[PDB]
Each structure stands twice: as structure tokens, then as C-alpha cells.
Amino acid sequence: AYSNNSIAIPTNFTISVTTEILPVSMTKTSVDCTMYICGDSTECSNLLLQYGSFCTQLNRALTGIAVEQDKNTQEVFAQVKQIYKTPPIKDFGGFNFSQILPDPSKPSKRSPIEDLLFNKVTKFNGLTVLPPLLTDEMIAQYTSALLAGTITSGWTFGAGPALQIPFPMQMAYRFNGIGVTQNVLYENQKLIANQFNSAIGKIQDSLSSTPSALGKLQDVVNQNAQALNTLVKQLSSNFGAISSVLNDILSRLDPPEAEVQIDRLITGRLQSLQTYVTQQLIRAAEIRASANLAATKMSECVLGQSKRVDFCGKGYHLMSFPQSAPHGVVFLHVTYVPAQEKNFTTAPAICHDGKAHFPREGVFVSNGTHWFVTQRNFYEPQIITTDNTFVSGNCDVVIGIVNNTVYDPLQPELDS
Amino acid sequence: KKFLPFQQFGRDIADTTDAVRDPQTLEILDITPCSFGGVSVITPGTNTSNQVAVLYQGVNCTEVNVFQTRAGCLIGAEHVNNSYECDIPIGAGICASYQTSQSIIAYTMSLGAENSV
Amino acid sequence: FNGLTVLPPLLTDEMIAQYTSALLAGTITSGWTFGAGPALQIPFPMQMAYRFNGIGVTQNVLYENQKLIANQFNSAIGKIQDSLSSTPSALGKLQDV
Amino acid sequence: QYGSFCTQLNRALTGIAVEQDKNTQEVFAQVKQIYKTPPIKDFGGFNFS
Amino acid sequence: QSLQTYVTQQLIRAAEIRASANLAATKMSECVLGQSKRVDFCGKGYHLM
Amino acid sequence: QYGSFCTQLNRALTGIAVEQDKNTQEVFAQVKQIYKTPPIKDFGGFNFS
């Protein structure tokens, strides 16, 4: 409802928590090129060496991927040097963090939400899997330290030493960073804490309710399993040979014509590995980009308060809490969403003595007959005074300037 | 397993045969691949020492100063209770380094000094 | 016709124009409010005053120079039409793809 | 006789086609409310026509 | 072999387009829907809209 | 007899080489004009030498 003299300003707000899921690492798969193509066959291996470093290059490329996957996890999670812990005191101004904090009364100390994340995600012919350098327990410790630092020290543990601060006072900074005055928090602290607690409870149901929420992490697992399943199935192909079984060619044919049939298997199987390795390298690049984005988000949204729109959830970003996830990371983004709004008539400046008065912070709004000044992100009407407005220009220049009166707080002090 | 009488072989999700029926004795026998794995050499720089430790990936310490890890069987590196910063990653939280008299040691890597606010 | 087919995009050209028009209308009439939350109407020169303070220029510079700023903006948009309809290499990134 | 060499190429190109529609949606479908401008285009002298 | 070469090129080229699409989505979120303070992210000068 | 297989490989490497020169142009040539510090090094005690 656009017009040249109408502004809408929120009068209420809600706390919304959104879930962003990003994959971080792939399965550290390592393939033996010689065993895959010429398992337990000396004769086949002697034919493989005629291709030079084909096998060695394929092993090297997969090794580089495996090392990179540990690098991806390191940059995302190991962004804190000190392992911070929350005190036994849970008085955070009414904010309940027990559903994202580690649960000590259970194996592999994890948060209730982290366990929910892990429970919703699901060595043969030269193929093995290598364990990651950082285990799930170690990643949980990293997220716990990042979580403890965020709650008890705000963004100070990232920039430098962890400086303790009462969490209500920390939220007052988070209000002031998005243009809402500190007093909005303290006057509404019980409402804000209740809305935050309810939103966290909704996260537990939401992820659980729909089983396709963690599809981003399950897609990585599914694609990697398909790549290996296709790789093994290629061993049963003949590629023009008499038999996919090497022992059924050697013991059914004289070597001079048995090498013609075997040369069709080495070419087929070596080409199969090259297709597999190329696909893994391309997929690893996609995971690396996702890991770089995840590391960037934790640096800017967990260790600080990002001002980038839609970077960390709809609304105005405050703070995020990281949660461990299999082959990835999950961020819980807490933002302010304005909820209840009213139509107000507005003006760009006001004429009092012929001089144009502009608001230092906020916008002028009229409730039909009276004129006030309020912060733009939360309706809170104040009497228009010389301490709220500044003087610049006159009323013959500003387009749309209206008449009203500025109260001067010093005049009655001098009169009295 | 209880194979149906006509069935003579067992098959894996892929094409590998896992189970079989012995022809003479009607007992069922399941097959398993003869163990295999990579042999990574854990070494400091040769300009410092020529002593090395050998890691056998994904195998037990029976088929191969022996430290059994999830990443495999580690031979030649001493197991140390004390944690340190990771120098040479092995896997599953284990890293190796050359430390003072001097020898190659294996330990669970430290994630950083603990603190409290 | 060698087994090669092209599939139509899920969103047509007129559908993308609707999305851009909605984004254009929200930016002009509601500033940044339609993105974070609900579309809160605001007079456009008042919205530019907010844009002034975001770069460290006091909003009174806008209202005192509103006619100059509007004229310069209108001229700049007209230059975009001339530049895009003259240079045969401006849209190279889309043509290269 | 080449097994999945043909099929997995069809799957790979199918994945790109789905991704291309995904790419358009993340860029343009960032509103989910079709806003319209007022009939009287009066925006303080700024010409958006 | 010709198809595998073609598909591999399409996969690599799709990654480049996907990166541009992600950048375009990031810009429209930050340049259009907000007021970016990142230097030269929304062109030369101090970004307004 | 293999058609364009040779030519495509040359084209792909040529595209990489051009991209590398573009890589240096975006990173470093972000300033239009070549600025120089004066012979006066009085920067309030900050030693930039």
C-alpha cells in the first residue's frame, strides 16, 4: 500500500529459529588400482605395467581427495583454539540451551538435537574406506566449545580472549546490532526467552517430523555409495572378452590368444577406474565449496553477528549455534522477524521555526493528530524534542515537510 | 544361514559370492576375502631421522611395540597416554610425531587446551 | 536428431519476469523490509534517506538535493538503455555460455 | 557388454538438467509474495518506468 | 569415448555456472534485498540499491 | 581418424591459459590509476618501508 505519506512500522516481533544443513566431507574412499584390475594374478599385473603410471596416478588422485576431506572438517569445526565449557549454572536469563548443549547422561556426549541429526542419516575388490582424522566425539567437543563460547562470551572468543558477559546483556548487543534499541529486550525479556525456547522445541519436532530435511547430507552418502556400487558391477562386464573371470580365460585358452581377451579386460577396468576417479574429483570440488561456505558461515554467524541479508536465515541475524552432523554441519539461526504492524502517516522533516528538523535515529510518525519519532524497526513513540532531531536547511527546500512543535527540555528548566 | 536345498551359492548386494554349500558335507560355509590393505610409512624428515613406523590399513595385528588403531595396525610407534598437537595424521583421532632418546610416538591428538569462561 | 534433445526450463521467460517484477516492486515500495519480514510500505524519498545513512551521509543531504538526485538517477538509467543498445559486447557473458 | 557405461552418462546429464532448474530458483524465487507497484507511479521524482 | 568426453566437459562447465548462480543468488539477497556494505560487491562506489 | 579429439584437447588447454591471465587481472587490477607515495614518509610513526 505505497503512498508518499504512509509508513508501516512493526509493533511486535517473534523469535524464529531456522535450520541450515551443509555437507562438509565425503567418505575417504581409497582404491587399489592393481588389486581391482588384476587381483591375485601375476600375469595380468605384468600386462598392467605396460600402461605406465596409469594405476599410480589414479591412486594419487584418490589420496589427495582423502586428505582434503580431513582438511574440510578441520577448517569448518576447528575454528576455536580453546575448549570452552558452560558452567553448572544455567541461569542465562530464561534462555534454555539444554537441547543444544551436550547431554552427559548418555554415551558419546551429544545434544538431544545432535543425536536426532545422526539418527536420520544412513573392502572387497581393491576398495577400502579410511576413517576420518576427527571422530564424531571429537567434532562434538569442537561444537561444544564453540557453543559454550557463544553463550558465555558472545563474539569475543573468536576475535580474542573469551570475555564473560551475562547472556541477557549479550542479547542487548544483538538487538543493537540490527537497529533495535536495548530497552526492547529488557522490557520484553520474558517474551523473548519464551519465544526462543518454543522455537528450539519446534526444531526438534520439525527435523523429526519430515524425514527429508537432512536430504542434503543423505544425498552425499547416496551418491558415494552409487559410485562404488557402479565400480564393482563393472567387474562383471566382458568388454568384448570371452569371460569377465580372468581364471576362466587363462584356463580355457592358450596364452597367445588368452592375452587378446585379457587385454580387453584391463582396458575396460582401467577405464572404469578413470571414470570413477574423475567423478570423485568433480564431486570433491562440490563438497569443498560447501565446506568453504560452512567454514565462512561459522566464522561470520557463530563467531559473530553477520549483517548479510539471507546469509543466516530469514529476518535479521543475531547468532547461530552449530550442531554436529554426519558428513556435515547443521546451523540453528536465530533471527528477529517483525510480526505485527500498523499503518502510520509519516513526514521527512518538520517545520517549527522555519528550520527543518530531521530525526537523528528513526522516523517521524503521526497517530492522526499527534506527531512523534520512533525507531524504524520497532514502534515506540517518543515526544519530538531537540535531543531527538537535528537542524539542517529550512522548510522551503524539503519536499513534504509538515508543521509541528519541538519540545525543548531546557526551556522549562530555565523558566522554573 | 539356511540356504534352500536347490540353492548352491550365496550372493552379495553386488556380485560377490559370500556363502556356499559344501558338496560332500551338507553344512553351509560362508567365504570372506583373504585380508588386504595399504602399508603407509610414517616417517619424520630424513634429514632428522631415518627411523620409520609402518601402518597397515584396515587390518588386525595378527595377520601382519605394536599399537592397534581403528585405522589399522601400527608397528614401530610407541603408544603415549599424553596428548599433543597433531603432526602426522594417522586416522580416527591418532597422530604420530618424532619426540624425545628420540623415537616415533603415537597418541590421541589434542583438540586444544581446555578453558572455562 | 542423433539422440540429442533439449528440455525446456521449468520457469519460462514470462515467469522470471514476474519474479523480477515482484522483487522490483518490493524494493521500490518497501525497501529491505519485504526480504527480512513483511512488506512495510515507506515513501521512496524516505527510503533513500535510509540509504543515505547506511553509507555515512546524513539524510538531510538527500532532501535538500532531492531534485538533483532524482534527475541524476533518471539520466543514469537512460544511459543504461543507450549503452546496452549500442555496444555489441556488453552481454558477452551470457552469449559466451 | 559395457554395462553401466551408457546408463551412467544419461544419469549424469539428467543431474545437470535438474540442477539448472535449481539454479534459476535460488536466484529469482527469493520472494514468495507477488508484489505489485501502485497504479500512480509517483516516487518523489524517481522514474522507474 | 566421445560421450564421456562430452559429459565430463558438461559436468565441469556446470560447476562454473553453478558458482555464478550461487554468486547471483548471493548478490540478489545482499545487493537487491538489502544494502551491502561490502566494497565493490555491488559495483563501484557506496552501494545504495 | 579420431575426428576432433585432438582439436578439443588443444581448445580446452587454451581456455585454461586465457583464464589464468584473467585470474591475475581481477585480483590485482582493481585500481584504475597508479598511485605513488610521496617522498615524505611521515605517517604518524608507522613504518611502511
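Labels A, B, C, D, E and F are assigned to the chains in the order they are written; within every chain, residues are numbered from 1.
One rule holds in what follows: a contact is a pair of C-beta atoms (placed from the backbone, for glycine too) under 8 Å apart; a residue touches a chain by one contact, two chains touch by 3 or more.
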| item | value |
| --- | --- |
| If a chain touches chain B and chain E alike, it appears here | A |
| Chain pair showing more contacts of the two, D-E and C-D | C-D |
| Between chain A and chain E, centroid-to-centroid distance (C-alpha), Å | 19 |
| Centroid spacing, where centroids are CA-atom means, of chain B and chain C in whole angstrom | 59 |
| Separation of mean Cα positions, chain C and chain A [Å, integer] | 28 |
| Where chain A and chain F are represented by their mean Cα positions, the distance between them in whole Å | 32 |
| Touching residues on chain D, where the partner in the complex is chain C | 17, 20-21, 24-25, 28-31, 33-38, 43-48 |
| Interfacial residue positions of chain A with respect to chain B in the complex | 30, 32, 35, 70, 78, 80-85, 87, 123-125, 128, 130-135, 138, 141-142, 145, 148-149, 152-153, 157, 162, 164, 229, 232-233, 235-236 |
| Residues on chain C engaged by chain D in the complex (per definition of touch) | 7, 9-11, 16, 18-26, 28-30, 34-35, 39, 43-45, 48, 66-67, 70-71, 73-74, 77 |
| Chain D residues within the chain A interface of the complex | 1-5, 8, 12, 30, 37-38, 42, 44 |
| Residues of chain E touching chain D in the complex | 3-4, 7, 10-11, 14, 17-18, 21-22, 24-25, 28-29, 33 |
